[PDB]
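K.L.:
Coordinates for the following, if possible.
(4 chains, ligands or ions: 4)
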Number of protein chains: 4
Amino acid sequence: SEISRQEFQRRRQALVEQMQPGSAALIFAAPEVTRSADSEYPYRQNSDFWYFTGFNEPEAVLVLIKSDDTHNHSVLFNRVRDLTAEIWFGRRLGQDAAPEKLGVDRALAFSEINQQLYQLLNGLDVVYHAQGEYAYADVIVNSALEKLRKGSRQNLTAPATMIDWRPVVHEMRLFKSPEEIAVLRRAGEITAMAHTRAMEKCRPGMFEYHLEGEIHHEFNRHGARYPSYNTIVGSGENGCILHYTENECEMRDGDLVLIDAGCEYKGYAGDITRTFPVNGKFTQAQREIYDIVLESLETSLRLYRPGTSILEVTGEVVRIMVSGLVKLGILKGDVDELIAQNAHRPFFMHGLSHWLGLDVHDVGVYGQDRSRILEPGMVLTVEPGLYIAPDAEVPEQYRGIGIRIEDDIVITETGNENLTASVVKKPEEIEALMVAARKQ
Amino acid sequence: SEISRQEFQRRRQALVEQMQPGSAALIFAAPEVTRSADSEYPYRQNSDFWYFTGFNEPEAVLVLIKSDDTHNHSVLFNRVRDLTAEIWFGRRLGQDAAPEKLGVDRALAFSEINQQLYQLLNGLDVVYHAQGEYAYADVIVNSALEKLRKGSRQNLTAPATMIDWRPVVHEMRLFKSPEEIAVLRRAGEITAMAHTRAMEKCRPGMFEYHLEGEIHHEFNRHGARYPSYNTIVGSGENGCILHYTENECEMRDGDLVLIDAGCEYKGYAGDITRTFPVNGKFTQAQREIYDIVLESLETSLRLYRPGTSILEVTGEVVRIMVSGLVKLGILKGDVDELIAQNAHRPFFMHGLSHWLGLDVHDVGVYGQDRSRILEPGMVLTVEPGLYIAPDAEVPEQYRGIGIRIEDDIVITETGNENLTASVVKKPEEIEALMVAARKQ
Amino acid sequence: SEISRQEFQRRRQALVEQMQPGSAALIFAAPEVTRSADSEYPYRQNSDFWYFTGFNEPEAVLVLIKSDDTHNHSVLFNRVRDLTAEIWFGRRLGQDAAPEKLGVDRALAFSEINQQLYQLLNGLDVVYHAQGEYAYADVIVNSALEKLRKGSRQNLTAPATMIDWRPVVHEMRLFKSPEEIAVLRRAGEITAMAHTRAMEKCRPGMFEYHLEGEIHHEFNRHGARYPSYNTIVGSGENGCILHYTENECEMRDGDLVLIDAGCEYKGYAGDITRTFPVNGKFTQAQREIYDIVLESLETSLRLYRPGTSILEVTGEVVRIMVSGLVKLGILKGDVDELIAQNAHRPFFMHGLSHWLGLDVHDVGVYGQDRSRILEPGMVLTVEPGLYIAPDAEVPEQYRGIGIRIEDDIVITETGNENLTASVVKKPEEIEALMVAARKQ
Amino acid sequence: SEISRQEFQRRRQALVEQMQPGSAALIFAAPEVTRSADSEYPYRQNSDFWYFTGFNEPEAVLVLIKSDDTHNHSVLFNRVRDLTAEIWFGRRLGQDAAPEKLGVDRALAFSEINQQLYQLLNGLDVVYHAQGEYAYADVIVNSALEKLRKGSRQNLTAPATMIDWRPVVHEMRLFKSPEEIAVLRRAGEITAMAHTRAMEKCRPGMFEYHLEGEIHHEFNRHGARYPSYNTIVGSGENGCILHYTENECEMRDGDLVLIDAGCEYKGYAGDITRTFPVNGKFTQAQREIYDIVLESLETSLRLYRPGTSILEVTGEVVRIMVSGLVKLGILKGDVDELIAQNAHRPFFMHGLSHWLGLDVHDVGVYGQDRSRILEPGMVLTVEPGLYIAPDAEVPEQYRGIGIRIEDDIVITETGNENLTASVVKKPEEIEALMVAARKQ
Ligand SMILES: [Cl-]
Ligand SMILES: [Cl-]
Ligand SMILES: [Cl-]
Ligand SMILES: [Cl-]
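P.N.:
Numbers count the residues shown, from 1 in each chain, chains lettered A, B, ... in the order given. Ligands and ions are numbered 1, 2, ... in the order given. Please find the structure below.
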């Protein structure tokens, strides 16, 4: 599954339809990024640039020109063909092949952008630009506007209005096309296979980073080269650190390990968290905490649908958590009073759900307290957790337990579809899986 | 093998010994780097900061103060302990534990650097600073100096002299300690195992990125989490692109695949290139080119020693290449005339050797044309190659062949030691290895 | 004559009336400007900031908030009262006295602008900002918008639209109020008195800068402390340099001197040019060139009215010039052919008229080739000139003559009023004036 | 009196003599500075650039190259001749005439500085640069060094050492040549004539700015076009503001007026303060304060010599002031106790003396508390004052009195020479001067 040229074009046209006549929208590529000295990190295209292009080169700018209500056209600035640079560093699309390949009207050399951009903006009323995202892009846009402002003797005029296109584009990204959902479904499946592998490979004495290695190999083999974020493998007390990425410790017989990891497949993020016993068997204390977190997730999965909200579902999770913690003596008092004082917060200190898409923490307006009413086409994580610090004032057997269980869902007309349920989460199914692997 | 606290301290003292009395040297940590939106790439410490600290956190500065010829001391600025930030993002060393852990005299909060740095530089004659490396560091240094310059009413004085410490530090890095060599030896072994695995796993129909996956898994399993540079897997015509990293094509029965890949182990780079038949058997045309490149490498390995140079050894390689290409009809004319016109350059367009260490293209002065006389303790790559473009005006059977074979060596008193010779390169040994794997 | 508080308020309200509901307009003060080391040039307020405030302090920002179609209010950021700073450097308005004194609703300390501005912009749809004028202002605006963009967890929202208020404000400035015209009338009178003094004081052997001294003293004595631009006193060949400001030469018996100078009175520019004989008597060659330039000005003064344009009047001047130069043998050929080839351009290389107001080259749209149709309330210069270079290929007696004669006019319903006609320009009246002064 | 080409050359050579072999010193011109919109303030050359060149154009850089201990040479970058730019804006020296005119070895176009500077610095050990003075200069220097650092493949090398030349150059500027003293003597005389004129012109009902007008006219007529700093004319309570420059009030019969003003003559500052009765007659209260300030100045003038210090002389002034204020009942207590508690500070809150030269607050090291031992050739102001605030808790008749009296002196082998004593300061001589003028 992928996103095709025709869909990138549909997105460009949908933006244009929203644009004022006599306007241009500018979308800039991500800069290349130094890792050390002359070596660079593997390139990651800007999500919004990617969303409108499917083009994975730096030094590129998409310009959408809406001349008036019927006439519009696109111009790509991108790197010129250059035999020597390409022998050294890789092939470039160039100007001749770009219009056909990407579905744009014209292509120009990025080296000419300062000579050409002001000419494209001349006489327009509005420029749509995401100011403050990249410094290099701001310099280019501001130089172009300065040329026009100062060029009245040359009969040049600057647009007087600049509009941030991000609110509108991010609203577009919040509602996935069926094709986007198919890509996310594959991302979820790939990520699930990786987490299943990790459970099946995990043994006491292995290092946390070994499970990261298994996960990343599995992503790669299905054609998801890179993770969507830095893989978290938190065993024992490390599971109480939300984004623990050192992954440097030897995994101990008797500890849990919390794995939070996701692939990036055609630009789209998977994100799964599973927590399981390193030795294949939950202790009673671990199982008692696990059951509360699992009930939280299972209830959320039942509830998520059009017409509810992350806030409303969060309210149910909080009650499940407070009740469970009271039953175990981790909290003390009256459940409703405890809820009213947000007494769960020491143990569950993050949100239940975030949007998911081209970014793992995806774009889109949440509403105050994530109160926004859910609609079909929205994609989100569901990731309840409980983290009992090694020094917490709680019954001793619970100290140093960090559990999170996370699935990715798409809201549908009939509820939600779970994209990641092909990796097990019921404790008996986790145990059976690991018992089977441990017998091989 | 690793570099210990005591060695980081020896390096700090060696720098201090080179510093003028009444001076301070400032070494800044690498900034964290955005991958997309709020996600960051996995952190890579600045090589020089790492060289003097072994400390893998951002928002840190090492200050070495040489008060005079007998008195000197160190101050680390680093992130404060912060319960909430650490629950979210990971543990911090903090100020209390830093002196003992790193072997510095004092530690201060990085948040206080602007209030404290000028006070440390006040009244000194010289500040050692690597200007133009990081913008954030330059702002900090320039602000501190401006406070002092403008603070005579407060009896403050700025050093009048700024010296770039990089020439001296990079000369230090050019000569490896025995401990550094042991770490590089392990990096070479780990990288070799990965390349051996790739040859043993490779089959027609697999994608280039699959071999990258095998390689990276093998790095990880020996505790080298990250590559030292972006892995190159160039099959067929892709082998003619020096840094081909798309690794997106299906590998064809009948093509060669060139793999250029290396781990980063305790900060140090491995870098191996091996080229081999995708189907386990060189064609005659492929073997004819391969033999020239192999002779180039084998001769270089025999020759490299104290008292020669990369330039001198390059001269021998060029003769081997020109002679071989004439014998195959790829070049035409008299060998010595061809050499005099650098007729090999279309086919071998890069250098034979670069320094290797904390960076894959490591620091240190090469001399004009890499003429510098080699001495024990220097570490370098040896990476001859021949690249025949798919449209080259040469006998047709050679078109689209790209071959590189690269080992990592350390110069010793008796010659060189080869750190990477545990992965095969003789064509008959490559074939035997792949034949054996292909029978399983 | 001045501009009162009530008029500054009328201007603020007129801008607000043009603003979208749910918007804020930001107008920043000019930075103070270094002359040398710790000394600064005398402060000049930003013209647009001045236009809306009449407030002559740095470190100030006017914020006009249009909450909706009926509710709006103003906030001034300005320097706090500070006993020590004021003992040293002068009185400050402060926050307590500002609302009454300036006619704004609220005043806040400029030191609090970064803590307060984002709160004022929060939840607005539009911010009106003149981007690229001052770097410091851009930093403030961009920081505020970044706080809001990144502050959704705090329920903050950034306006998505930024509009340059300059096109609208500069259109306001292009049409003078009767009060503005009265101030300009006084500026013109003051400037005229200064030019009359210069003619009456001028003698051979005096330096060009001496006439600058007389002019500036006369400005000062009528309460116009500073010139509106750097005074030009170009004698002999120096008169052929349009903005000659060195004013360093001894004025020679037999040469002309061209004086281009104007006061700044309550923020408004005068601008007069007069050219006259240093020794009080035009030579024949000088008088021949002078008469053409004078006819140009006199004809322009007759023609300027509502419904014509600078371009149309320029066409008449060009014909007068080409005809006159042909008659003197400076040009050769047919007048209409000469006009068609813009043959006057070597000798008259600048425009006839520019707008005049708070800036000497005042703001406002000219139209292509200054074709805009004139309307009552517009104020402009009329400044024909002829400059014959010392090496020009023309009859020898004309070489090194530079003559410009300039008046300031306001377009009225019945034509124009001449603000500067109280200093003489007819050659016989210049001579009579100087003869009289030279007898004292 | 002026500074000639030969002296600028002597200064360049003296700097070179202090420079390391294998080094270059870079001295940049001042940027042009906006007054409003497209108008600029009259150009003021950077003092240090001026000190080494006598060249009053922007877009210029002096490069002093010391190749080794015997060979050195100079290169000027400056604006190219350009017929059109010069017709518009004034003559340029250009490259052809610069070597002879300024006494430099070579001249290059400023537009070529980025193509040429790195080539001049290539292979040098040291670059002398005043970092943080001008942003544009820092960009140029840092770009050049970056080219060299990154240009080893082109056999380029950057100097590793940057030294601030300001400490050494400012020490040079602190000790005036006889020629510099002659120029300062003329500046002092010109400034004195201006202050004498102000006393002779001053009448009740005139505005403070009128005296500024008289002063500036007098500067101009002696060929000092511009003041060395913004003229202060503080009458009544305004005299208690140290740098009162509004000069906007009507001067009242019965008030004092404090005038602090100085010309700039060939780059060098005069600085005189005189305080006198607006109506020509000190009241008793005014005379009582005046006498203390005058005794302070007269004693300072007697004492200043080689071997004392500003601090030591300040101690004498403080005793005179405390004693006088006790005698008048403005202070109460024991003189020595009052001195020990710095009880004079409310009334005398600034220093007694600052260096004087190309800047009014001239460069040079003062020592802690201005303790530096005075030597011949140093030039300084002597400016005691007493300022009694309108709300001070003191006998009522003293409120709103601000008096300062300032002369400029040069330290000599036999004491000091007073450069400004040709304007009167004894109260009876002030009165007699004004009585005489008031009878005309
Ligand atoms: Cl390009
Ligand atoms: Cl910190
Ligand atoms: Cl303030
Ligand atoms: Cl130039």
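K.L.:
quick one: the residue of chain A most remote from its centre and residue C:160, what's the gap?
P.N.:
Most distant from the centre of chain A: residue A:153, at 48.3 Å, with distances by C-alpha atoms, centre = their mean. To residue C:160, residue A:153 is 33 Å away according to C-beta to C-beta, to the nearest Å. For every residue, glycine as well, the C-beta is placed using N, CA and C.
K.L.:
Next: residue A:145.
P.N.:
Taking C-beta to C-beta, one finds residue A:145 at 18 Å from residue C:160.
K.L.:
who has more neighbours, the two?
P.N.:
Taking neighbours as other C-beta atoms under 10 Å in any protein chain shown, residue A:145 and residue C:160 compare with residue A:145 leading, 22 against 19.
K.L.:
Outline the domain layout of chain A.
P.N.:
As assigned by curated CATH domains, chain A contains the domains A:1-173, A:174-440.
K.L.:
residue contacts, whichever residue of chain A sits closest to ligand 3?
P.N.:
As assessed by C-beta to the ion, ligand 3 sits closest to residue A:132 within chain A, at 26.2 Å. Neighbouring residues of residue A:132 by C-beta atoms under 8 Å, 6 or more residues apart in numbering or on different chains: A:138, C:142, C:145-146, C:149.
K.L.:
Check chain A and tell me which residue is nearest its centre.
P.N.:
residue A:360 (1.3 Å).
K.L.:
Which residue ranges of the stretch 151-300 of chain A form strands?
P.N.:
A:161-163, A:232-235, A:256-261, A:264-265, A:268-269, A:272-277 (DSSP state E, counting those that start in this stretch).
K.L.:
Single out the most deeply packed of the ones you listed.
P.N.:
strand A:268-269 (a mean of 30; mean count of other C-beta atoms under 10 Å in any protein chain shown).
K.L.:
what packs against that one?
P.N.:
With contacts defined as 3 or more C-beta pairs under 8 Å, 6 or more residues apart in numbering or on different chains; DSSP states H and E, the packing partners of strand A:268-269 are helix A:178-201.
K.L.:
Near chain C, which residues of chain A? Just list them.
P.N.:
A:131-132, A:142, A:145-146, A:149, A:152, A:155, A:158, A:160-164, A:166-167, A:365-366, A:368 (C-beta under 8 Å from any C-beta of the partner chain).
K.L.:
how about a cut-off of 6 Å?
P.N.:
Residues of chain A lying close to chain C by C-beta under 6 Å from any C-beta of the partner chain are A:132, A:146, A:155, A:160-164, A:167, A:368.
K.L.:
In those residues, find the pair that's most separated.
P.N.:
Greatest spatial distance in those: A:155 and A:368, 48.7 Å, computed using C-beta to C-beta.
K.L.:
Now do the same for the residue of the stretch 201-350 of chain A found nearest chain C: helix, strand or coil?
P.N.:
Nearest residue of the stretch 201-350 of chain A to chain C (C-beta to the nearest C-beta) works out as residue A:350 at 11.9 Å. Three-state call for residue A:350 (DSSP: H, G, I helix; E, B strand; the rest coil): coil.
K.L.:
returning to that earlier point: go through the domains of chain A and pick out the most buried.
P.N.:
domain A:174-440 (a mean of 20).
K.L.:
Residue A:375 looks like it's in a strand, true?
P.N.:
No: counting by three-state DSSP, residue A:375 is not found in a strand; it is coil.
K.L.:
Please give me every residue in contact with it.
P.N.:
residue A:306 (C-beta atoms under 6 Å, 6 or more residues apart in numbering or on different chains).
K.L.:
How about stretch A:142-149 and chain D, touching?
P.N.:
No: Stretch A:142-149 is not in contact with chain D by C-beta under 6 Å from any C-beta; minimum separation 12.3 Å.
K.L.:
got the domains of chain A as TSV, with distance to residue C:327 columns?
P.N.:
TSV is the format used below for those (distance: least, C-beta to C-beta, whole Å):
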stretch	distance to residue C:327
domain A:1-173	32
domain A:174-440	74
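K.L.:
ok, which stretches of the stretch 201-350 of chain A are helices?
P.N.:
In the stretch 201-350 of chain A, the helices defined using DSSP state H, counting those that start in this stretch lie at A:208-221, A:284-303, A:310-327, A:335-340.
K.L.:
what's the closest of those to ligand 2?
P.N.:
Here helix A:208-221 is closest among the helices of the stretch 201-350 of chain A (C-beta to the ion), at 26.7 Å.
K.L.:
CA-only coordinates of the closest one, as CSV, when you get a sec.
P.N.:
Presented in CSV, the C-alpha positions along helix A:208-221 are these (Å, rounded to 0.1, in the frame of the first residue of the first chain):
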residue,chain,number,x,y,z
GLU,A,208,17.4,-4.0,26.3
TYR,A,209,19.1,-3.0,23.0
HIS,A,210,18.9,-6.6,21.7
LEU,A,211,15.1,-6.3,21.5
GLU,A,212,15.5,-3.0,19.7
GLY,A,213,17.7,-4.9,17.2
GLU,A,214,15.0,-7.6,16.6
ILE,A,215,12.4,-4.9,16.2
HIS,A,216,14.3,-2.8,13.7
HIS,A,217,15.3,-5.9,11.6
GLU,A,218,11.6,-6.8,11.4
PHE,A,219,10.6,-3.3,10.3
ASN,A,220,13.3,-3.4,7.7
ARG,A,221,12.4,-6.7,6.3
